[PDB]
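Step one of this worksheet: look at the structure below.
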Amino acid sequence: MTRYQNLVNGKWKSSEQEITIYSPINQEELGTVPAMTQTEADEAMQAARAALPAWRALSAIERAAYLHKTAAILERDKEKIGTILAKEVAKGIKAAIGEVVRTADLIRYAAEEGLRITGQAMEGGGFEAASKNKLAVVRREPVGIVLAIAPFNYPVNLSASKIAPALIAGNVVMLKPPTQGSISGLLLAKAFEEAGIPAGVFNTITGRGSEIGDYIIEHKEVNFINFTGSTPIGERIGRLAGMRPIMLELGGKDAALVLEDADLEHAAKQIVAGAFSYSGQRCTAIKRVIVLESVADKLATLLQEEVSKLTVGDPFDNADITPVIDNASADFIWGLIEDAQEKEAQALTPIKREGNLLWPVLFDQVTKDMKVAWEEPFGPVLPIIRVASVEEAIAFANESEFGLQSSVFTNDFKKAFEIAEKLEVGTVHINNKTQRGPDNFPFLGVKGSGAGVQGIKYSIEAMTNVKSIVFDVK
Amino acid sequence: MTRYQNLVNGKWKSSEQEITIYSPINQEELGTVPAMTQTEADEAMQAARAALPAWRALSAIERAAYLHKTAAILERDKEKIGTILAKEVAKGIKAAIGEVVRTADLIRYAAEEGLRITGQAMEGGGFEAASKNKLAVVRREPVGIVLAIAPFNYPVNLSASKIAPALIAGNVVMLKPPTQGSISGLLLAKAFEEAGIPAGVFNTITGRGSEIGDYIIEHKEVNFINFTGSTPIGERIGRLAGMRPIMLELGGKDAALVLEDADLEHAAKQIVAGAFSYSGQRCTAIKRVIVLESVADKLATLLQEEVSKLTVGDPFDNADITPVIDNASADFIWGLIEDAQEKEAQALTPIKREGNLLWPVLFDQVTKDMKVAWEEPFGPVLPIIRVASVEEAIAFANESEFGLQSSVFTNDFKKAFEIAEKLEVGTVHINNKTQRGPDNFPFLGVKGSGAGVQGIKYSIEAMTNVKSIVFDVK
Amino acid sequence: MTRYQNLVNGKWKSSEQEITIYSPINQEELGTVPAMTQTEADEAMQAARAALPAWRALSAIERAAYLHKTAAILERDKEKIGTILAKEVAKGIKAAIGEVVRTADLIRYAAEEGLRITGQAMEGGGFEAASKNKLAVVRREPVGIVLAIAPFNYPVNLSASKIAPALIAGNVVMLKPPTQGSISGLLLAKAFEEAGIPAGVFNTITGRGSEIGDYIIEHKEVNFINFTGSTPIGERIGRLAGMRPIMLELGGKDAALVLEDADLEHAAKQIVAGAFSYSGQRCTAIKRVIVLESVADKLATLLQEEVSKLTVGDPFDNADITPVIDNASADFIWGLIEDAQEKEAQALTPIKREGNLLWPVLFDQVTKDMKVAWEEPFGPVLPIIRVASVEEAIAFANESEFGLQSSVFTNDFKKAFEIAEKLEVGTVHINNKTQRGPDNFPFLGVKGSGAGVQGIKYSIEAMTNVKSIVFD
Amino acid sequence: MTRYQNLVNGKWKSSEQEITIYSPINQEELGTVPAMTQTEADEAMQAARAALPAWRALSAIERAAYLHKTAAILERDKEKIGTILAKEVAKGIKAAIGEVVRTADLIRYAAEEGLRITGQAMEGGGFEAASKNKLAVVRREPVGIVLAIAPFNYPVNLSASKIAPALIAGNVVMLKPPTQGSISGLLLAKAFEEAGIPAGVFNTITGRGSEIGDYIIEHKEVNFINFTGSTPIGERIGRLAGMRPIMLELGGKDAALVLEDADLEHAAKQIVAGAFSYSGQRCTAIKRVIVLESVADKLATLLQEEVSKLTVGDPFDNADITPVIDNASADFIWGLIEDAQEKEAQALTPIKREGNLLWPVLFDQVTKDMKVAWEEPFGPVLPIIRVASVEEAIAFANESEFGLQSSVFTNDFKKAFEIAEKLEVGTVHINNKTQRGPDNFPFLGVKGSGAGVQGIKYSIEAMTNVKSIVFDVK
Ligand SMILES: NC(=O)c1ccc[n+]([C@@H]2O[C@H](COP(=O)([O-])OP(=O)(O)OC[C@H]3O[C@@H](n4cnc5c(N)ncnc54)[C@H](OP(=O)(O)O)[C@@H]3O)[C@@H](O)[C@H]2O)c1
Ligand SMILES: NC(=O)c1ccc[n+]([C@@H]2O[C@H](COP(=O)([O-])OP(=O)(O)OC[C@H]3O[C@@H](n4cnc5c(N)ncnc54)[C@H](OP(=O)(O)O)[C@@H]3O)[C@@H](O)[C@H]2O)c1
Ligand SMILES: NC(=O)c1ccc[n+]([C@@H]2O[C@H](COP(=O)([O-])OP(=O)(O)OC[C@H]3O[C@@H](n4cnc5c(N)ncnc54)[C@H](OP(=O)(O)O)[C@@H]3O)[C@@H](O)[C@H]2O)c1
């Protein structure tokens, strides 16, 4: 019933074509988002380019006032936004409200962090005596139009993590929310417009990525692409962008290296909390357990009982395991489970499917040959791999096509640091589950898990151009 | 006569196919460089990948010792290297020796700057109280194999500006010197090998870029591409690299905005020194003069007499204007001159050509329609454009397809700063000619003049991966 | 009538001895502040030392929540606080309310700036190969108890500029507001307590500095002294503190170097705005005009007419020139004026006194021998000095016993930068009046104008101890 | 026999009064240093003040060239300087040569670190919108004349650690070497003058600190006091300096907190290596062992055998334990030993004295009441204290009048970090002996162990004044 519209040039626009959004919980029609045509995307880019000069000419504090007001409105409407978000991405209702609250906190932190970007005043005298009187005043300037593309699992938090760092830096933002999540992206736009953001400073583009995505990625006006999504689409986007700056937050098959001298109870608690949070539908989540021979059986028992503790059901009952986003994802996860069963994997938990609602599957005795050891199921499946030495554990963790994060569970932290710089990942957590963590911490992946460093400071700095001004002081 | 070989795995290798290098001065055969096949490039990448672990496992100071020894050997052999460099790229002999000396100084500065890369120790308590006990130890780690590709005009200095920042960071370097300049790149390799660099840490790939370039750009092992060259090739490289990190230092049509309240004598001296240094064959050089109506005639007179002061002839006579690199470049520059003459441009200096040896041409009354106003001639041609206001000057400077650098000549520095952040360039020089400057200063271009920030600190940092290690301090 | 009490250990305490506060405007009794005894100061230090562990154990964000709430309460009560502040330091009422608003903004900025203090993770491999496997995790930790002592002219803003950077860093603060200004300091404490600051985290000590000041400066518990005041007291405090860390923001005789190629109208506007703001009772204010021979007459004419534009009267009429703080300050300023008149200084403006209410005096033809050329009058007097060259201008600016700030007025900014690093000051303003500026900018003096670098980032960092943790 | 002279105004000056230097080894006359009068100190300050402008007007790289030449000359003359240093402070000959080598390396690192001091370019727009157009160019400028005062144990290394960071920053240095060590300070001056340092840039003041020290501390010209010495003199200096900036590196009674889950063999090796290096005559050395009840006996046995391994004798035989500096120090250490024996301390090693040559004494069962538990013996005595809990260990470590450094020996590094921020010291070493470490690491003490942060970067920055230049960018 409810018509949703895109924020273009500060006013709400509908489109001729439309996409109907169905709840993953029970196929309930939640609304309709506009399927913008190519010319409407051109008009939205026009508006952003026209609004860029006045936005960039504001003070940093005047720019941050809008972000603070947006955060206040998000906090005020957290219940409604979280309810619709829970209905739309099959997220736990209280977890969805928590996502809205963390989004507000991220917007506030980004607003207050973009006020303190300090440049440099370099002297040439340290490099050569001929240049002793040269002073370079190095500062940061907006790249221009930032195109933010968000994934389904966090269409509010991972949209704001691109919008707020871009907006406080002086850029104007073009938001492309995921189709299953476009309602939540348009509610974030609802809040941004209610906060009084100037017309054209923040715009939304809704539509299928398979049809509108390439046009807006290759667009003339886009000066920066901040994309969070699957590796197949991230590779295509980084290949289509060419020379323009990009951030990619792609897939990740994060490992949990459990060593012999590890607190197996804490390790199991952390691994299950990270692995099966939001039905395994976080990309920064333990997707592999690489455990040595000695402690493998005890860790498998503890992991299996912890997975057995998980509640599986409706998002509004705050179930730990909720339905996966759509039927195709469930089919892919089921195919990985079937492959693992084919190759004699010890299923440590019941394997039941009720359509989208898959039950948490813990696999033991996983080898190289099962696709679940490599492919990111992006669902409630956790393979347990047994290795003989720390060298084999590091080798197996590094054979992945992914480098987002990893976690090392051990008591000797000197060995944990050694493994940490031997691991080809962007972040290593010692005795803790992998997570994006405090959003001031750097967040990056390396080997096909991304391209660029993000986190609030790093994303604010990376969506800006350095401009040096060199003059003579004597 | 003289056979030259590529440094592969610490030993010198020749190839079946060969490229003969002819002096641009008089078509003198200077030697032969190997035209490496695809499998030889594979072997060189193999060697770099194998040598990466031991190189990265060294101390920063042990790594910098090799760079200091290389700089000492370069200083020792500056006369021979500069003589062959002057013969090979038709550079002034004393200017070539100066390039070798600046290369040694750059290697020393990069070696001493990579010793001081300090990480961060971040706390989560400022973002959220739940994470008050989290500590992220953020540091830098090598990307891996850095593929450096150099242009002809500075095959030693712009090779070392990619090698030394990469080597001190812990990366291994694959050098692709330009074919007209490969001899000088192999002499830089000569010095690097004599300094005792470990086998496989620094390798060279010689051959035509049109045939070996795409293979090594798209190679499996290359973890970073540092390319300096023309914009057409830089766009292709940034498009072929896809998701891998790149630096591009592409073309630049730098402008010299001369305002009414400017020191026209100093402005003219600086503009001619920057524009016609090395026959206009520097990319960071004044290629446009955008001068207001009031001072245009006086500036044109001063510029024309300064260009008339220039000596045109042999590189070993230290002529200000030397032969351009090859016949194709001379033909392109001549075509631009012919277009300007077609469209009624006031040639302020004699227009004579003796093959590669073109004479400095100063054009006045240049409009939008002449290709010399837009295309980078990369030669001894300097168009003078007249505009009516500062707004038109800024608009015309920003209409270019390039954003490397610009210089603003005026006496009111407050207006100079205003213009400086209105200019869509990477660096603005106030009352000075554009230059790469002290190599600690940031050097970047924006609008198709590059992708990334370079300069010794920035290039050291940008050829490294961030690695965060997060643990509990409780 | 109104009894005021000190915030000690989160509860309000009165003292046996008392100080009565009289309005500099009309000697109106504004209230009474407690004259704390030595043992009461000991008890307050006890409370701060006891509250330090729990305060330091909070998150930075939990600590900043209290500062944000304090800023909100200050914004809410700006009218009342500014009214009492205007009555108490004879500041313009709208200027006083503006001071309260800037105080709230400073508290907010310090709270949000102390959340982002990031340490370092250093490696030993760049220094020596033997230490390639050593990692130093360098971070910041509170010094402990910070003793903040404020001057009269900004008893709210210059109190918060020491409290908020100290509180967000994890320190507990002992505030000593000026006696003429202690009411405003206790209103700032009123707001800090209403915001819910934990008991003992923020305490106030009221009393005469001449009697309680040395005891609390030399106290056992004080781990840091942040003092803003006159140079004679700052020298004594830096000498009594001994080895403990200190910040001093002492006197400053800031100069306005006006060169020949200068915009004399803009220069005169800026010089008069800086020099006679709050009756010259700001320490970061133009107190000297050093102008070359060529433009001296034009600059003197423009300066004299700008000073003639100034309104002199009641603070609640928002007069540009208000009564000076007390009779002793007026006597000192009058003595400097009398010396200048003795030595044949061209008084360019009327010289009238109505007790505390002095009228803005612009002096020309000032030489070395007049005390107004050197001594900080801290009042509405602006000497104009004429020099023959830029070298003499720089020399005369550097002969001062002060190094707070200076301003260079010229059109050639390359020459302005040259003069700027030839000037022995902490900050040089080019074509602008001297000011503390945006409180993120560094603020320091050098040659007896202070000791240390302040400004929100620098004050947050300088009230903390570095702690390195080195492991393999 | 050999007359030594002070470097004043670039030329060598003798004094009427003289101090004879006697070797602590065998009371051998090593030479005579001038006992400068007050007027000679005035003349030296005059020379420094006169040479300050030209020194400060040099390029940073021109300033660093002199430091590099000084380091080269020190490396060249390391054998002679180390021989005289070993004779003069009774240091091991090979240890003394190692000190000279580390001094050269410190001078080189400080020279290359002072070239890279980069300022800031701050904008007012983040604080208030009214100041959006203000730019502060914040940089560092020399304080002026730096008065460096060195202690006896490292009269070369701890002199250069004040001279090189001061000289590279643009300051001129007034060196006051210790009387027992003034010969080595004048040899460091020998090298500085041979390197060609400009006249008056580096001067030396020799004489008794008890007579010339207060005059030069309270001097008019001294703009900064960098003092390393005992706490009684440091308190006096910080009290006499008043408002002028100071660094103090005072005494330190560093503790070695050994917990139950600790590697007692490694802990004992590290504790004995730190505690008895140079006869306990380093200030950053383990002077207390605070060990829990459980592992106290095993740690005491291991410590006692490690101390029994130590060789006691002549410095030129490279003995681990060498004679203490003078008879008064030996008497003080003997008094502390006698007090410990009085109060029933278990002397775990032989207690023998041959004048200055004391033998390493390891005390067990040490309580609060023995002066050796609190007073810094500054000699070959190591008390072992037993405590019941970690809380008592932290309390006893914090009851000291000193806060230089401490070391925590344990296997659980999370507990080690917890103790580390509970310890009221400047540096905590985890599973390692305390040391000044790599001289890039910060070095500071807190509770009467100093005032200020030192280490090469921190000492370079702290001997400079911040200067902000604020202008309008429009
Ligand atoms: N590392 C991280 O920070 C992080 C965090 C969370 C998730 N992820 C990743 O996100 C993925 C799941 O999200 P998803 O499946 O929704 O992402 P996806 O299908 O790969 O695409 C992500 C976003 O890009 C749009 N898109 C799709 N095709 C496109 C094209 N050809 N051109 C341009 N844009 C296009 C999508 O819109 P439509 O699909 O709605 O058309 C969606 O909004 C997982 O692979 C996970 O690894 C990464
Ligand atoms: N650079 C800056 O940032 C800055 C800014 C504003 C003002 N100032 C300076 O502030 C001065 C005017 O303030 P003022 O005259 O009120 O300051 P003051 O009399 O010199 O003393 C300043 C503060 O210290 C207290 N005090 C007085 N004697 C003391 C002692 N013996 N020991 C410890 N504390 C003592 C005072 O309290 P009581 O006097 O109430 O007892 C007052 O709160 C001017 O000289 C001006 O230069 C500097
Ligand atoms: N934390 C560190 O970095 C560190 C490192 C090493 C040593 N230390 C400390 O150094 C001390 C041992 O050295 P020391 O006994 O030679 O030092 P000291 O006697 O306390 O004095 C240190 C230096 O100051 C001079 N001096 C003496 N009296 C003075 C006065 N009244 N005014 C000014 N200067 C004066 C001394 O010269 P003369 O004595 O020759 O006259 C000597 O050069 C120990 O207490 C140790 O804790 C600290």
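The way I read the labels, and the way they are meant: chains A, B, ... in the order of the structure tokens, residue 1 as the first residue of every chain, and ligand 1 as the first ligand shown, with later ones counted on from there.
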
Residues near range 100-116 of chain D, cut-off 7 Å, only C-alpha atoms, skip fewer than 3 positions along chain, as JSON, numbers by chain = {"A": [126], "B": [112], "D": [60, 61, 64, 67, 68, 71, 74, 75, 78, 82, 96, 97, 156, 157, 160, 161, 164, 165, 168, 169, 456, 457, 460]}

Would you kindly return, as number ranges by chain, each protein, DNA or RNA residue with an atom no farther than 8 Å from any atom of range 187-195 of chain B, considering only C-alpha atoms and excluding same-chain residues fewer than 5 positions away?
-> B: 7, 10, 66-67, 69-70, 73-74, 81, 156, 202-204

May I have all residues of range 211-460 of chain B that DSSP, computed from the backbone, assigns to helix (DSSP H, G or I), given as number ranges by chain?
-> B: 211-217, 231-241, 264-275, 296-308, 315-317, 327-342, 371-373, 390-398, 413-422, 456-460

Got a sec to check which residues lie within 7 Å of ligand 1, using only C-alpha atoms and all ligand atoms, and send them as a compact mmCIF listing (two decimals) with N, CA, C and O atoms, in the first residue's frame?
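Output (out_10.txt):
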# COMPACT_ATOMS: atom_id res chain seq x y z
N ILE A 149 26.86 2.86 -1.77
CA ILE A 149 26.03 1.71 -2.07
C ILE A 149 26.09 0.76 -0.88
O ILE A 149 27.18 0.37 -0.46
N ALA A 150 24.93 0.39 -0.36
CA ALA A 150 24.86 -0.32 0.90
C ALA A 150 24.39 -1.76 0.69
O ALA A 150 23.70 -2.06 -0.29
N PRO A 151 24.77 -2.68 1.58
CA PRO A 151 24.27 -4.05 1.51
C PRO A 151 22.99 -4.21 2.33
O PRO A 151 22.59 -3.32 3.07
N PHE A 152 22.37 -5.37 2.17
CA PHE A 152 21.05 -5.58 2.77
C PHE A 152 21.10 -5.72 4.29
O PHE A 152 20.17 -5.29 4.97
N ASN A 153 22.16 -6.32 4.83
CA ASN A 153 22.12 -6.72 6.24
C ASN A 153 22.15 -5.52 7.17
O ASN A 153 21.56 -5.57 8.25
N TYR A 154 22.82 -4.44 6.78
CA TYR A 154 22.83 -3.19 7.54
C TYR A 154 22.53 -2.05 6.58
O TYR A 154 23.43 -1.30 6.20
N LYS A 176 22.58 4.70 -2.63
CA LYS A 176 21.92 3.60 -3.32
C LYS A 176 21.67 2.52 -2.28
O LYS A 176 22.57 1.72 -1.99
N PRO A 177 20.49 2.48 -1.66
CA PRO A 177 20.23 1.43 -0.68
C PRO A 177 19.91 0.12 -1.37
O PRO A 177 19.48 0.10 -2.53
N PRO A 178 20.13 -1.01 -0.70
CA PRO A 178 19.80 -2.30 -1.31
C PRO A 178 18.30 -2.40 -1.52
O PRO A 178 17.52 -1.79 -0.80
N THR A 179 17.90 -3.18 -2.53
CA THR A 179 16.47 -3.31 -2.82
C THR A 179 15.72 -3.91 -1.64
O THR A 179 14.63 -3.45 -1.29
N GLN A 180 16.30 -4.93 -1.01
CA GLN A 180 15.76 -5.47 0.23
C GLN A 180 16.42 -4.72 1.38
O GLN A 180 17.39 -5.17 2.00
N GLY A 207 16.33 1.25 -6.92
CA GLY A 207 16.19 0.44 -8.11
C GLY A 207 17.06 -0.79 -8.02
O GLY A 207 17.91 -0.93 -7.14
N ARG A 208 16.85 -1.71 -8.96
CA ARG A 208 17.65 -2.92 -8.97
C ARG A 208 19.09 -2.56 -9.29
O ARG A 208 19.35 -1.82 -10.24
N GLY A 209 20.02 -3.08 -8.50
CA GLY A 209 21.42 -2.88 -8.83
C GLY A 209 21.80 -3.51 -10.15
O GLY A 209 22.64 -2.98 -10.88
N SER A 210 21.15 -4.62 -10.51
CA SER A 210 21.47 -5.30 -11.76
C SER A 210 21.11 -4.45 -12.97
O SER A 210 21.56 -4.74 -14.08
N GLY A 213 22.66 -0.16 -11.38
CA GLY A 213 23.93 -0.07 -10.69
C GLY A 213 25.08 0.35 -11.58
O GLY A 213 25.86 1.24 -11.22
N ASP A 214 25.21 -0.28 -12.74
CA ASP A 214 26.31 0.05 -13.64
C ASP A 214 26.21 1.48 -14.15
O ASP A 214 27.24 2.15 -14.29
N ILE A 217 27.41 3.70 -11.35
CA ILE A 217 28.83 3.48 -11.07
C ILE A 217 29.70 4.14 -12.12
O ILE A 217 30.71 4.77 -11.79
N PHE A 227 31.34 1.30 -1.68
CA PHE A 227 30.51 0.14 -1.94
C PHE A 227 30.74 -0.91 -0.86
O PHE A 227 31.89 -1.19 -0.51
N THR A 228 29.65 -1.47 -0.33
CA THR A 228 29.71 -2.59 0.58
C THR A 228 28.79 -3.68 0.04
O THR A 228 27.59 -3.45 -0.12
N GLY A 229 29.35 -4.85 -0.23
CA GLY A 229 28.57 -5.89 -0.85
C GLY A 229 29.43 -7.10 -1.13
O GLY A 229 30.50 -7.26 -0.54
N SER A 230 28.96 -7.95 -2.03
CA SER A 230 29.65 -9.19 -2.32
C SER A 230 30.89 -8.94 -3.16
O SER A 230 31.00 -7.94 -3.87
N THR A 231 31.85 -9.86 -3.05
CA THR A 231 33.07 -9.75 -3.85
C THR A 231 32.82 -9.78 -5.35
O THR A 231 33.50 -9.02 -6.06
N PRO A 232 31.94 -10.62 -5.91
CA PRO A 232 31.71 -10.55 -7.36
C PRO A 232 31.29 -9.18 -7.85
O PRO A 232 31.71 -8.75 -8.93
N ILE A 233 30.45 -8.47 -7.09
CA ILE A 233 30.02 -7.14 -7.51
C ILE A 233 31.10 -6.11 -7.21
O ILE A 233 31.27 -5.14 -7.95
N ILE A 237 32.76 -3.48 -9.80
CA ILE A 237 32.71 -2.05 -9.54
C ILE A 237 34.10 -1.45 -9.57
O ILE A 237 34.32 -0.40 -10.18
N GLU A 249 34.05 -2.82 0.54
CA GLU A 249 33.93 -3.69 1.70
C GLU A 249 33.26 -4.95 1.20
O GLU A 249 32.03 -5.04 1.16
N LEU A 250 34.06 -5.92 0.80
CA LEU A 250 33.57 -7.10 0.12
C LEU A 250 33.42 -8.25 1.10
O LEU A 250 33.43 -8.06 2.32
N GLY A 251 33.25 -9.45 0.58
CA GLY A 251 33.01 -10.60 1.41
C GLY A 251 34.19 -10.93 2.30
O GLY A 251 35.32 -10.51 2.10
N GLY A 252 33.90 -11.71 3.33
CA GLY A 252 34.95 -12.17 4.22
C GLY A 252 34.63 -13.50 4.86
O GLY A 252 33.57 -13.67 5.46
N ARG A 282 26.28 -11.55 8.97
CA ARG A 282 27.23 -10.45 9.01
C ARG A 282 28.48 -10.89 8.27
O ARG A 282 28.90 -12.04 8.36
N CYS A 283 29.08 -9.96 7.52
CA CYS A 283 30.30 -10.30 6.79
C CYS A 283 31.52 -10.35 7.70
O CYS A 283 32.42 -11.16 7.47
N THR A 284 31.57 -9.50 8.72
CA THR A 284 32.61 -9.59 9.74
C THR A 284 32.10 -10.52 10.85
O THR A 284 31.64 -10.10 11.91
N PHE A 378 27.34 -17.13 4.06
CA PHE A 378 26.61 -15.95 4.47
C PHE A 378 25.34 -16.37 5.20
O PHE A 378 24.29 -15.74 5.09
N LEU A 404 39.33 -10.18 5.34
CA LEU A 404 38.68 -9.17 6.17
C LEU A 404 39.25 -9.13 7.58
O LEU A 404 39.93 -8.17 7.96
N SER A 449 38.78 -9.05 0.08
CA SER A 449 37.76 -8.64 1.03
C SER A 449 37.54 -7.14 1.03
O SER A 449 36.76 -6.64 1.84
N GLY A 450 38.21 -6.41 0.16
CA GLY A 450 37.99 -4.99 0.07
C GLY A 450 39.16 -4.28 -0.59
O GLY A 450 40.12 -4.90 -1.04

Let me have all residues with an atom within 8 Å of ligand 2, counting only C-alpha atoms and all ligand atoms, laid out as a ChimeraX atom specification.
-> /C:149-154,158,176-182,207-217,227-234,236-237,248-252,281-284,376,378,404,436,443-445,449-450

Tell me, in Å to one decimal, how far CA of residue 319 in chain D is from atom 6 (C, counted along the ligand's line) of ligand 3.
->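 These two atoms are separated by 20.1 Å.
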
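The spacing separating CA of residue 418 in chain A from CA of residue 133 in chain C amounts to 10.0 Å.
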
Would you give me, as number ranges by chain, the residues of chain D that come within 10 Å of chain A, using only C-alpha atoms?
-> D: 57-64, 112-133, 135-139, 411-414

From the list C:306, C:105, C:79, C:43, which residue is nearest chain A when using only C-alpha atoms?
-> C:105

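Considering only C-alpha atoms, the residue among C:7, C:416, C:51, C:330 positioned nearest to chain D is C:416.
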